[PDB]
Amino acid sequence: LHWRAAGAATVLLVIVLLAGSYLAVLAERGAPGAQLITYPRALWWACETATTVXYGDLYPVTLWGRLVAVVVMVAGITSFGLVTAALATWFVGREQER
Amino acid sequence: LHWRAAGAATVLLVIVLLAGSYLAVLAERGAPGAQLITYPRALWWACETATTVXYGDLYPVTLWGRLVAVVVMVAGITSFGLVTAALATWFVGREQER
Amino acid sequence: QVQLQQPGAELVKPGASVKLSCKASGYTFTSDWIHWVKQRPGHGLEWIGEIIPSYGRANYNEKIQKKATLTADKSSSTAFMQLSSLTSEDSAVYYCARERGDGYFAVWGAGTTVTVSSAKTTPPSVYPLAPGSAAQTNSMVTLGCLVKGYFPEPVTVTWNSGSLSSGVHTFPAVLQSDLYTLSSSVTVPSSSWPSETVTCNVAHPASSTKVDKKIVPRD
Amino acid sequence: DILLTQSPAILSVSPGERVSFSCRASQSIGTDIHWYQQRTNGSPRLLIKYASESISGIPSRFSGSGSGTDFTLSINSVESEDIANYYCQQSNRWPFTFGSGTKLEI
Amino acid sequence: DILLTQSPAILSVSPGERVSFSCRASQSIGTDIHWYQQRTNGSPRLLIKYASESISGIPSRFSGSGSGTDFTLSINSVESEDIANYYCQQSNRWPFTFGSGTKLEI
Ligand SMILES: CCCCCCCCCCCCCC(=O)O[C@@H](CO)COC(=O)CCCCCCCC
Ligand SMILES: CCCCCCCCCCCCCC(=O)O[C@@H](CO)COC(=O)CCCCCCCC
Ligand SMILES: [K+]
Ligand SMILES: [K+]
Ligand SMILES: [K+]
């Protein structure tokens with residue numbers, strides 16, 4: 001169960017980074033002063049957002065850009081909680097055994 | 001037990017983001033140069049604070065604003081530790097079983 | 001309906017204090033803030049301070065001398081501004097405005113004209129202005145009303161209880177000997193007067209008076 | 001505190017012409033500028049919020065643009081009812097502040 | 001290092017009038033400015049901290065305002081005892097620095 005939930009989350013995270021990159025540019029163009037407006041740097045912004053690093057070099061200023069950002073965040077965080085929970089499950093079993 | 005603790009934490013987190021947004025504006029208006037002073041962007045700031053992303057586009061400069069920020073942080077972090085611990089519990093059981 | 005209601009005027013002796021009011025209606029939210037803005041005659045808008053009724057906290061402009069104290073009554077949906085120890089520098093129109101916590105002032109009150117002076121209140125005498133007997137008329141005729149000897153400002157003049165607006169000019173008041181005077185002008189088709197009545201209505205908030213003067217041809 | 005400079009203080013245009021009012025902020029404020037019209041003896045009225053957003057009830061004639069430190073309020077084809085003083089106001093940092101105002105003359 | 005410019009260096013006012021001293025920082029320092037009064041042959045005395053905060057023992061007559069790069073120390077109704085040199089000082093970045101001082105003349 002756990003590994004499949006984790007693997008799926010990883011696949012789902014990759015999809016969210018790419019879709020999030022596309023949707024962030026769509027949301028932010030048309031807002032004066034917005035910088036999250038070209039796709040290559042938007043993919044970079046989605047990665048530093050999903051990992052929760054959040055340098056501050058780029059960020060959304062619109063309502064829809066910010067909603068996209070929160071989905072990226074939660075997708076990243078969730079994937080990591082799942083990988084962590086999966087590692088714990090693995091270890092717990094190998095330790096029962098040892 | 002675990003799912004209810006997690007579900008409750010999620011509900012409690014939503015309440016903290018909204019109350020935190022309101023209280024941050026209350027704390028920060030009256031401090032010259034403060035930017036966390038209107039509610040829509042304060043809700044956005046509470047979300048990027050609770051997820052620990054912390055872009056740096058907005059932040060509190062007053063003592064009470066900062067105390068509010070730490071409560072938002074701990075509420076976010078705690079909710080995620082609870083969801084993670086809940087996923088681990090779920091997986092551990094389904095794996096005993098498998 | 002008017003979202004923010006303020007009294008038209010307050011006369012204050014130098015050194016005395018006065019409490020201005022701003023009654024709010026329409027939608028009210030916990031995120032609302034009521035702001036006060038000062039505007040001296042011929043000058044710009046100066047922010048005085050704000051209060052959030054839901055919590056009762058108030059902040060003030062640090063750049064100016066603090067003359068104001070803000071409070072709010074939740075049950076009467078009224079915001080108050082206590083101005084104290086005033087001087088002539090405090091004479092101005094004070095507006096209240098409502099901000100939904102999103103940074104702009106969606107609506108403004110009509111403002112309260114505060115005059116700081118030792119002079120006494122005096123309602124205006126309203127006299128009719130009708131053409132003389134030798135005055136020839138064109139397709140239009142001009143009438144008016146003379147509003148003199150009042151204090152303090154302002155007066156509001158309307159024609160036919162407000163139904164007659166186009167063709168109206170109310171001149172700025174002139175101050176001579178602790179008393180103001182102004183006149184208002186109205187122009188209507190010559191064929192309609194005196195068949196259709198023309199009356200000027202003069203309101204003087206400071207004395208709580210409102211008088212009417214029908215304009216009839218000179219005997 | 002943020003200083004908003006409105007210059008020129010008086011703008012004279014011919015009827016039906018396009019006119020633009022300028023508001024410059026002392027530091028970058030994003031798009032947190034709002035514009036008000038105040039006719040003689042009238043109270044201020046909001047025209048445009050957050051630099052370019054329309055307000056219901058306001059003629060389509062009015063529009064706003066800019067971000068950062070330089071903002072513009074434009075009127076396409078001015079008419080008599082546009083005669084009034086116009087003020088900008090920022091909400092980016094506390095305290096809110098107002099520009100000194102521009103008068104439109106026709 | 002942060003340069004604090006106090007200009008004019010000498011301010012002359014009439015008794016009871018409101019006076020304002022200016023301190024401009026070479027870069028933005030938030031509200032990390034403090035003001036001192038130094039009377040002839042006296043040591044400096046703190047009047048206002050963090051741009052606008054009161055200090056107990058100081059007459060209510062004194063107040064401060066501003067944030068960023070421009071700061072003001074104001075005295076409502078000046079009196080003889082206010083005759084002195086006034087200095088601003090920043091604590092935003094190391095090292096702390098002082099403005100060059102303004103003398104109040106009545
Ligand atoms: C009194 C209780 C207050 C509680 C908070 C309520 C905040 C107001 C509602 C939120 C947005 C309204 C949009 C608007 O008119 O603002 C937009 C204008 O362009 C930009 O929005 C923004 O840029 C802010 C985005 C905030 C995103 C939050 C996502 C949370 C999952
Ligand atoms: C020698 C041992 C030192 C240990 C650290 C002690 C620090 C001093 C006490 C803290 C605040 C005093 C307030 C003050 O006078 O400052 C306020 C002035 O506006 C603003 O506060 C601030 O803006 C700082 C906020 C810090 C919040 C920390 C929250 C931690 C859960
Ligand atoms: K981070
Ligand atoms: K960060
Ligand atoms: K950052």
Side-chain angles (χ1 to χ4, degrees), chain A residues 1-9 20 24 27-28 33-36 45-96, chain B residues 1-3 5-7 9-11 13-14 16-18 20-21 35-60 69 72-96 98:
Chain A
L1 182 57
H2 51 289
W3 294 128
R4 293 179 177 173
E28 299 282 308
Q35 287 180 302
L36 185 59
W45 163 76
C47 288
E48 56 162 317
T49 293
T51 51
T52 72
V53 170
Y55 292 111
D57 53 350
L58 292 165
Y59 40 83
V61 299
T62 65
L63 169 63
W64 288 112
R66 290 171 174 175
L67 286 173
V68 166
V70 174
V71 175
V72 169
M73 295 170 195
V74 171
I77 294 173
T78 299
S79 305
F80 168 68
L82 282 165
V83 172
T84 299
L87 297 169
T89 299
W90 180 42
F91 295 157
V92 165
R94 303 287 288 281
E95 186 60 3
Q96 289 194 302
Chain B
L1 182 57
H2 51 289
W3 294 128
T10 298
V11 175
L13 175 60
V14 175
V16 170
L17 299 173
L18 301 169
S21 297
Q35 287 180 302
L36 185 59
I37 61 178
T38 46
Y39 299 108
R41 76 193 50 187
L43 176 60
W44 157 243
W45 163 76
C47 288
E48 56 162 317
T49 293
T51 51
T52 72
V53 170
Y55 292 111
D57 53 350
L58 292 165
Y59 40 83
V72 169
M73 295 170 195
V74 171
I77 294 173
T78 299
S79 305
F80 168 68
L82 282 165
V83 172
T84 299
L87 297 169
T89 299
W90 180 42
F91 295 157
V92 165
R94 303 287 288 281
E95 186 60 3
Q96 289 194 302
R98 164 184 169 292

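Order of the sequence lines sets the chain letters (A, B, ...), proteins ahead of strands, with each chain counted from 1. Both backbone and side-chain heavy atoms feed into the values below; hydrogens, waters and symmetry mates do not.
For the set A/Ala5, A/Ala88, A/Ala85, A/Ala86, the count of heavy-atom pairs under 4.5 angstrom toward chain B peaks at A/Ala85.
Just one residue in the list A/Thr52, A/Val53, A/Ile77 forms a side chain to side chain contact (heavy atoms under 4.5 Å, CB included) with B/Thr52, and that residue is A/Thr52.
Looking at heavy atoms from C-beta onward, B/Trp44 lies out of side-chain contact with A/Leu63 at the 4.5 angstrom threshold. Counting only heavy atoms from C-beta outward, the side chains of A/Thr89 and B/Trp90 never approach each other to under 4.5 Å.
Heavy-atom contacts from other residues, nucleotides or ligands closer than 6.0 Å to CH2 of A/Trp64 number 12 or fewer.
Taking CD from B/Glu48 and OG1 from A/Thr49, the interatomic distance works out to 9.5 Å, rounded to the nearest 0.5 Å. Taking CG from B/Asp57 and CZ from A/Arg66, the interatomic distance works out to 6.0 Å, rounded to the nearest 0.5 Å. For the atom pair OG1 of A/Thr84 and CG of B/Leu87, the computed distance is 9.5 Å after rounding to the nearest 0.5 Å. How far NE2 of A/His2 is from CD of B/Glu95: 4.5 Å, rounded to the nearest 0.5 Å.
In this structure B/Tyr39 satisfies the side chain to side chain donor-acceptor pair (under 3.5 Å) test together with C/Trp33, sequence neighbours excluded.
Below 30°, between 30° and 60°, or above 60°: for A/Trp45 and B/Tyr55 the angle between ring planes is below 30°, a parallel geometry.
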Fill in: Working for side-chain contact (heavy atoms from CB on, under 4.5 Å), residues B/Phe80 and A/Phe80
CA-CA 10 Å; B/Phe80 168 68; A/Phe80 168 68; 3.9 Å; yes
